[PDB]
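This text opens with one protein chain seen in two forms, each one given by itself as structure tokens under the names structure 1 and structure 2.
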Structure 1
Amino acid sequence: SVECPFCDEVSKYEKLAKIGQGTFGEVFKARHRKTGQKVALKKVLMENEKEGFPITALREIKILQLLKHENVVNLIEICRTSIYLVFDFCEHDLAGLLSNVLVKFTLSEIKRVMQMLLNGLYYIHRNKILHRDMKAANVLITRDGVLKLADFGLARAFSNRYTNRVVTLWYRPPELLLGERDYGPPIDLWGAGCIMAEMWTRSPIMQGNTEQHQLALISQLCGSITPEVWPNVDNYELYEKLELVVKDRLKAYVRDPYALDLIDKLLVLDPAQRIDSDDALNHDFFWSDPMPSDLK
């Protein structure tokens, strides 16, 4: 047997339940054998993998080790025996809570959520990382009411020939559907737009089936994609496939004008006119009554 000072055996933790399925293995809830601290064990398995340890897993591990912030999932350590990513345990998730007709948010609370969300984005972009998988199912909340950005399995660093088929279809921004590959932080902010609208509607606002269907559903919410709306949107190649020619559609569900104004600035077609996490945190929404409040 070979010395291993810095990689502890996962027996350290006591397993309590499967709680999900991963890309390389099962995910468990579990408990520190000594202190009872609750953690999520997310296994990584090397059998179907032909190039040794998955490059894609290494990237996630690299990214998680770098991002240390109140509003981003915390990778505690890696454990052996196979390999497990050990996370701080997070009881709920935005998607599940939104699905639950039993659970109800005040305006004061929804604001706080959007705040922690936008603050996690401010942080990860400031550290040159794109999330790329923005969706309600990837926003976690702990028992103490703290929102964590989670699941960085699609995340990558940045500084211009980046991959295209990223972000689940419903949350994917116009520019990616239009074939863009020089995108930045704004794709995550579009996602924060759909997640925010989702906070009232309780239902993903733009549910597509194909890329041309989503890109159309988008137009029938944000207006047609025209160079008057999006300076130089012509240059894009795929712009010759299915043409066509927002506050009123959400007017019903939301009601609050500020909430509505911000969601309009988040769901903007031109990625360079879409609001950033910085200006959004400053937007009146977070600074007018009722102020943002903690979670119960």
Structure 2
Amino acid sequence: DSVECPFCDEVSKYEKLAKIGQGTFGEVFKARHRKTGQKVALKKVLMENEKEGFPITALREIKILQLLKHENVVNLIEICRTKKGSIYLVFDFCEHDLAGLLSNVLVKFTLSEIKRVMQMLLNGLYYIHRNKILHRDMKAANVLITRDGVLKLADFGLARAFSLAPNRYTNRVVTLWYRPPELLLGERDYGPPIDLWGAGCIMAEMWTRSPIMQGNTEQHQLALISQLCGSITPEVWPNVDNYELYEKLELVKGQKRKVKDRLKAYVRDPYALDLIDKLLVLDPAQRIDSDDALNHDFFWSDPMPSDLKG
């Protein structure tokens, strides 16, 4: 005896192709629209554990994809039903994901192409922040590139809106390797700067072809960071000595920044090094923002940023 539903199509209009989402992370399928051939990505809304109706986290993400419409942000086409039932987010399909390319040994980037990638990514960041959204899950894997060489920021599952007052946000956000000092020290009043820290790790990954600081626990992560950026001193990071987790996790203090030195090998360009160094800054307050990053001489020197083919 079922009911009307003008504004929610059955997902069966798409023909499933192949599970992209490995590690069963998401249950993400590639699909093909049955009539026009248009390719899309389908994410099912899980809720095996939801005992509180439709997952509030889903509602959030949906609110956010609906808001964000921009050349460098993945596009939610619509939401679909099944007809026991289930719910699917439907996205414009993206040929590659940055992690897949950085891992592939055959793939190769010129300095000119790398510049372009970072430019699109930083542009996306500028945009969503302009829109009061924090992504909170910056990683190579969450960065897609379309067959025609346009970069898209993806996966807003963990994303969330932010504002101004004292803020009380969830702390355990962002993949460990890409998580910034603030969070590890227990900050809950954080903002856009945490995404830029992510951008830093990714930028470096463009040459090292591998996540740079891979800690096993927060203790370990913070170790690695001190061995790259120097050690957290109220001197270097004004007022860092105000977190409880500060001395209750104390890490060694005979440590000076090797950001430029240790990466000197992989990166040739003095500019690219300088920009990375400005992203991987300890104090979030002193960390470069998307606007200044886009203006960095890196994007306005030779070789200028180019298009993407191989």
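For numbering, take structure 1's sequence and count from 1. Basically, rigid core = biggest C-alpha set you can superpose within 1.5 Å across the two forms. Shifts are known only where both forms have a C-alpha.
Of the residues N282, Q273, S288, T23, exactly one exceeds or equals a 2 Å C-alpha shift between the two structures once the rigid core is aligned, and that residue is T23. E51 is not among the residues whose C-alpha shifts by 2 Å or more between the two structures once the rigid core is aligned; its shift stays under 2 Å. CA movement of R132 between the two structures equals 0.2 Å, with the two forms superposed on the rigid core. Aligning the rigid core leaves the CA of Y236 displaced by 1.2 Å between the two structures. Segments of at least three consecutive residues in which every Cα is displaced by 2 Å or more between the two structures, once the core is aligned, are found at 21 to 26, 45 to 48, 241 to 245.
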